[PDB]
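As structure tokens, the structure follows; a few thoughts come after it.
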Amino acid sequence: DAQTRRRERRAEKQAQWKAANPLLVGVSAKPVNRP
RNA sequence: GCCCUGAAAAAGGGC
């Protein structure tokens with residue numbers, strides 16, 4: 001189809017969403033900033 | 001068949 005294909009074009013929407021939605025991404029997979 | 005929206009590995013929508 002074209003949507004499933006468009007999803008590959010959504011990697012920017014996914015990586016932008018995934019970047020701010022780790023909570024909805026692999027439980028226990030949230031980065032932090034306190035070394 | 002082509003997309004668009006959804007983050008989607010839902011749900012949706014237009015042509």
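Convention: chains lettered A, B, ... in structure tokens order; per-chain residue numbering from 1; ligands numbered from 1 as shown.
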### Query
Which residues, written as a VMD selection string, have at least one atom at most 9 Å from residue 10 (chain A), with only C-alpha atoms (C1' of nucleotides) counted and residues fewer than 5 positions away on the same chain left out?
(chain A and resid 5 15) or (chain B and resid 7)
Give me, as a PDB file with N, CA and C atoms (P, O5', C5', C4', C3', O3' and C1' of nucleotides), in the first residue's frame, the residues of chain B touching chain A, with the criterion being at most 9 Å (counting only C-alpha atoms (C1' of nucleotides)).
```pdb
ATOM      1  P     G B   1      -2.596  -3.472  -6.819  1.00  0.00           P
ATOM      2  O5'   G B   1      -1.601  -2.359  -6.263  1.00  0.00           O
ATOM      3  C5'   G B   1      -2.035  -1.408  -5.272  1.00  0.00           C
ATOM      4  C4'   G B   1      -2.192  -0.041  -5.894  1.00  0.00           C
ATOM      5  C3'   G B   1      -1.656   1.104  -5.051  1.00  0.00           C
ATOM      6  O3'   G B   1      -0.271   1.312  -5.305  1.00  0.00           O
ATOM      7  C1'   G B   1      -3.824   1.633  -5.858  1.00  0.00           C
ATOM      8  P     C B   2       0.548   2.380  -4.426  1.00  0.00           P
ATOM      9  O5'   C B   2      -0.318   3.713  -4.538  1.00  0.00           O
ATOM     10  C5'   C B   2       0.025   4.741  -5.486  1.00  0.00           C
ATOM     11  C4'   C B   2      -0.273   6.104  -4.906  1.00  0.00           C
ATOM     12  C3'   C B   2       0.329   6.353  -3.533  1.00  0.00           C
ATOM     13  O3'   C B   2       1.662   6.847  -3.660  1.00  0.00           O
ATOM     14  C1'   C B   2      -1.943   7.074  -3.588  1.00  0.00           C
ATOM     15  P     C B   3       2.541   7.127  -2.344  1.00  0.00           P
ATOM     16  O5'   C B   3       1.471   7.531  -1.235  1.00  0.00           O
ATOM     17  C5'   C B   3       1.753   8.563  -0.269  1.00  0.00           C
ATOM     18  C4'   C B   3       0.621   9.556  -0.227  1.00  0.00           C
ATOM     19  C3'   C B   3       0.370  10.173   1.137  1.00  0.00           C
ATOM     20  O3'   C B   3       1.159  11.349   1.328  1.00  0.00           O
ATOM     21  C1'   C B   3      -1.673   9.382   0.209  1.00  0.00           C
ATOM     22  P     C B   4       1.915  11.582   2.731  1.00  0.00           P
ATOM     23  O5'   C B   4       1.041  12.689   3.472  1.00  0.00           O
ATOM     24  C5'   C B   4      -0.170  13.182   2.877  1.00  0.00           C
ATOM     25  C4'   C B   4      -1.203  13.478   3.934  1.00  0.00           C
ATOM     26  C3'   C B   4      -0.745  13.263   5.363  1.00  0.00           C
ATOM     27  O3'   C B   4      -0.142  14.449   5.875  1.00  0.00           O
ATOM     28  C1'   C B   4      -2.851  12.215   5.016  1.00  0.00           C
ATOM     29  P     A B   7       1.785  11.818  15.923  1.00  0.00           P
ATOM     30  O5'   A B   7       2.423  10.527  15.243  1.00  0.00           O
ATOM     31  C5'   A B   7       3.847  10.413  15.067  1.00  0.00           C
ATOM     32  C4'   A B   7       4.340   9.103  15.627  1.00  0.00           C
ATOM     33  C3'   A B   7       3.559   7.879  15.189  1.00  0.00           C
ATOM     34  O3'   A B   7       4.029   7.420  13.925  1.00  0.00           O
ATOM     35  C1'   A B   7       4.039   7.775  17.516  1.00  0.00           C
ATOM     36  P     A B   8       2.977   6.927  12.816  1.00  0.00           P
ATOM     37  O5'   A B   8       2.854   5.362  13.085  1.00  0.00           O
ATOM     38  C5'   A B   8       3.975   4.612  13.582  1.00  0.00           C
ATOM     39  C4'   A B   8       3.509   3.582  14.581  1.00  0.00           C
ATOM     40  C3'   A B   8       2.279   2.809  14.142  1.00  0.00           C
ATOM     41  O3'   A B   8       2.624   1.667  13.353  1.00  0.00           O
ATOM     42  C1'   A B   8       2.006   3.565  16.378  1.00  0.00           C
TER      43        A B   8
END
```
### Summary
What separates CA of residue 28 (chain A) and CA of residue 8 (chain A) is a distance of 25.2 Å
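Rounded to one decimal, CA of residue 31 (chain A) and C1' of residue 10 (chain B) lie 25.6 Å from each other.
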